[PDB]
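Geometric and topological summary
One-letter residues, chain by chain:
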Amino acid sequence: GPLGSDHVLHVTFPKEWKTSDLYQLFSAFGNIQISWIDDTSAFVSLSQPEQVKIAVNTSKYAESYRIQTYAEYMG
Ligand SMILES: C[n+]1cn([C@@H]2O[C@H](COP(=O)(O)OP(=O)(O)OP(=O)(O)O)[C@@H](O)[C@H]2O)c2nc(N)[nH]c(=O)c21
């Protein structure tokens with residue numbers, strides 16, 4: 001939630017495309033939801049892992065090491 005960012009994007013494509021094409025196109029992402037606009041366009045919402053935030057968060061589970069952002073290091 002803080003570990004993944006939610007995005008909505010706009011996609012234009014050929015009329016011949018189906019749901020599966022958009023799922024394939026965005027397969028690098030999580031929680032993909034298509035909101036069709038018309039024959040050749042859709043909004044797509046998705047979740048993108050935030051690898052830096054995840055590395056920081058995961059460090060809390062280890063006593064031996066801690067990762068923090070430069071901002072947290074300051075504050
Ligand atoms: C499923 N689908 C929907 N559209 C466009 O979106 C309009 C309404 O889409 P719809 O009534 O077929 O599904 P809806 O979006 O309501 O619900 P969903 O299937 O659960 O997402 C259609 O009139 C088309 O213009 C689509 N357009 C293309 N090109 N390919 C598709 O597979 C497709």
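Residues numbered from 1 in each chain as written, not as in the entry; some residues may be left out. Heavy atoms only, no water.

Listed as the method for this PDB entry is X-ray crystallography; the listed resolution is 2.10 Å.

**Remarks on the site of the ligand**
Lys 15, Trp 17, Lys 18, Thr 19, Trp 36, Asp 38 and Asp 39 make up every residue found near the ligand. Here an oxygen atom of the ligand sits 3.5 Å away from a polar atom, N or O, in the side chain of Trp 36. The contact in question runs from a nitrogen atom of the ligand to an N or O atom on the backbone of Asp 39, over 2.7 Å. Burial of the ligand by the protein amounts to 44% of the accessible area it has alone, namely 630 Å². Among the residues making up the shell around the ligand, the classes are represented as two nonpolar, one polar and four charged. (Near = heavy atom within 4 Å. Polar contact = N/O pair within 3.5 Å; in protein donor to acceptor, adjacent residues only side chain to side chain. Areas by Shrake-Rupley, 256 points an atom, 1.4 Å probe, with all protein chains shown as cover. Nonpolar A, V, L, I, M, F, W, Y, C, P; charged D, E, K, R; others polar.)

**Thoughts on the side chain of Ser 5**
Tracing the chain through its elements places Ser 5 in strand β1 (residues 4-12). There is a polar contact of 2.7 Å between the side chain of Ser 5 and the side chain of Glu 50. (Helix = DSSP H or I, 4+ residues; strand = E, 2+ residues; numbered from the N terminus.)

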